[PDB]
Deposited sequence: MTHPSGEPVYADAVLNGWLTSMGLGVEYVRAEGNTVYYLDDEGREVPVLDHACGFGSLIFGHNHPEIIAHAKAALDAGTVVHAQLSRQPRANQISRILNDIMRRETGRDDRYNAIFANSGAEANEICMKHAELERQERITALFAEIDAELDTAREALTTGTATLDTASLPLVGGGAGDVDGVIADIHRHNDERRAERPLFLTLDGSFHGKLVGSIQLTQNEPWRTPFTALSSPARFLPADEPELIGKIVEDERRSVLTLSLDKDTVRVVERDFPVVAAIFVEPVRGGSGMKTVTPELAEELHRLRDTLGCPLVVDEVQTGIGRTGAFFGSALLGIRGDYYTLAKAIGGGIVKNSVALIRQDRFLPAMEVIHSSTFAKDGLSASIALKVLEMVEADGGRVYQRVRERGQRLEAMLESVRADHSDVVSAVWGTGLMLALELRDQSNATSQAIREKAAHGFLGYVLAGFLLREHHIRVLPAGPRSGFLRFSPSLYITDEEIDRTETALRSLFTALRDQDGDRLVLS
């Protein structure tokens, strides 16, 4: 009935899913809402900012640091001055990367405010690399034209007319039609390669790189497209990228004879990959696929960009998921957990032998590289590295525990659960399709793509546990809690799930759907 200035549709929808609740306080792995009588009810949080809260909500040590930084009158806005904290942060990340990959590469850091902004820095820099490639090729092509003409008009060579259906009739005329052709091509828009089910952001550039169809397809006309390569079938990937070859024309001299010929054009600006893929449902990159991506990157001459916005800061059980999994990228990006659960920060890391110094003075952003997020970033890095790397060891063993009880629930409920996916504290259950379900109310939700959200509402209202779905038809349930998740909390989750998947088995849509 009444005026409403945000969230109306979003709120309506959440309520019907059974998720209309306001959390008023948070600490550790627990968030609180108020019941009818005004009491705080504790809820266990498995969503955790979609992975942002590796140390839980409002970790005391991070809050203290932030308050100290505020109390010291940290310079938050200090644009175009010396801010050595950036260098300090990038130095630490560089060290960690060496230690986890064995490789001795060095990286330059550009800081931003979100994961999508980090990736789009990489997009932009990739296009800078591509333009350099293009300038170098076109320069060569000129000199190949020059040489062919001063051989063709000075005596010494003839133009083989079998070559001519690429473009003819006459010398200067053919040069023009080649210049024409190449310029059309040069100004054509680049292509990005990404993986099926990829999620790389939702901004004008980065949304094109995100699989999910209702999120992307409305905005298709805005920005350069990506091809989504199939992860399970690496053998199809070679052919798909071949289809995307485009050539430019030039004149090649063989002392005596001159021919017009095709010559490779760089259309692909970059290849993007997630070590663990949210939108496919926490599926990790296989060694097979990593090797295909390395081939492509070697073959095309473009950077491989490793999106660690979600997988990074320890959640997989190393700092870098890529290092765990053996993905040798050329750019890396980071965000989410680096803000410590309280602020917004992100970073692109770009290898220094590819880095183009223009980028450092032609890209900028008002909020980026601020002092407060900077200081908090140094803190978070301090904390995950502490005590000889014992934090990763705790991530790994907490993850092992949680994967086991998840695997044990599957085993008893395989009629509704297909698979457990993921690694470390970044895990998911795959639900079996329920579009053919007995219960009319369940089946209708499944048809609408809302099954997972509905199940998450059951978990909430009946077991006070907060889970959120992943995947394009909300067909996965995500678990990415903090490393402080207790065994008793993991037991309470096992109880909750067995209850859920027994109701689903029984097809009890009265209980599941509101």
Identify which parts of the deposited sequence carry no C-alpha coordinates, going from the N-terminal end onward. 1-5, 173-175, 523
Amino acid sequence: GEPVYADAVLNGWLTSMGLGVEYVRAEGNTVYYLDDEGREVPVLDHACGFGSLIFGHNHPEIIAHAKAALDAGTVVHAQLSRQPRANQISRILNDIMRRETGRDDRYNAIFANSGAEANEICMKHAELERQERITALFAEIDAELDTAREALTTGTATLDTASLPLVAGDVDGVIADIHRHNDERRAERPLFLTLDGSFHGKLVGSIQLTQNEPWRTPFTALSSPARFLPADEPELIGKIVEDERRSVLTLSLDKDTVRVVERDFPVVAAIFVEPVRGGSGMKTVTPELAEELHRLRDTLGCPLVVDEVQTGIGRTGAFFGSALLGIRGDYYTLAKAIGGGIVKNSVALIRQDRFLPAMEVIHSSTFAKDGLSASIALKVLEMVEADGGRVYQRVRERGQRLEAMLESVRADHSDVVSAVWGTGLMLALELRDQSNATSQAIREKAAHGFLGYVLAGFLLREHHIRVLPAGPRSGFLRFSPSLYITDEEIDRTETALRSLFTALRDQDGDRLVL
From here on, numbers count along this sequence of modelled residues.
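Take the two forms, find the largest set of C-alpha atoms that superpose within 1.5 Å, and that set is the rigid core.
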After a core fit, does 92-100 or 147-155 show the bigger CA gap to the shown form in 8 other deposited structures of this protein? 147-155
Hey, does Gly169 drop out of the model in a third or more of the other PDB entries compared here? yes
Selected stretch [higher average CA B-factor]: 223-231 or 110-118: 223-231
Tell me which stretch, 188-196 or 436-444, has the higher mean Cα B-factor listed in the entry. 436-444
In this crystal structure's PDB entry, the residue among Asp95, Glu129, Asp183, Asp307 with the greatest CA B factor is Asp183
Based on what the PDB entry reports, which of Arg91, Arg315, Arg297, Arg149 has the top C-alpha B-factor? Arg149
Lowest, middle or highest third of the chain for the C-alpha temperature factor of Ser206? highest
Sorting by Cα B-factor within the chain, modelled residues only, which third would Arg328 end up in: lowest, middle or highest? lowest
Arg99 - Cα temperature factor, lowest/middle/highest third of chain: middle
Can you work out whether the C-alpha temperature factor of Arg39 puts it in the lowest, middle or highest third of the chain? highest
Within-chain third of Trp421 by Cα B-factor, per the entry: middle
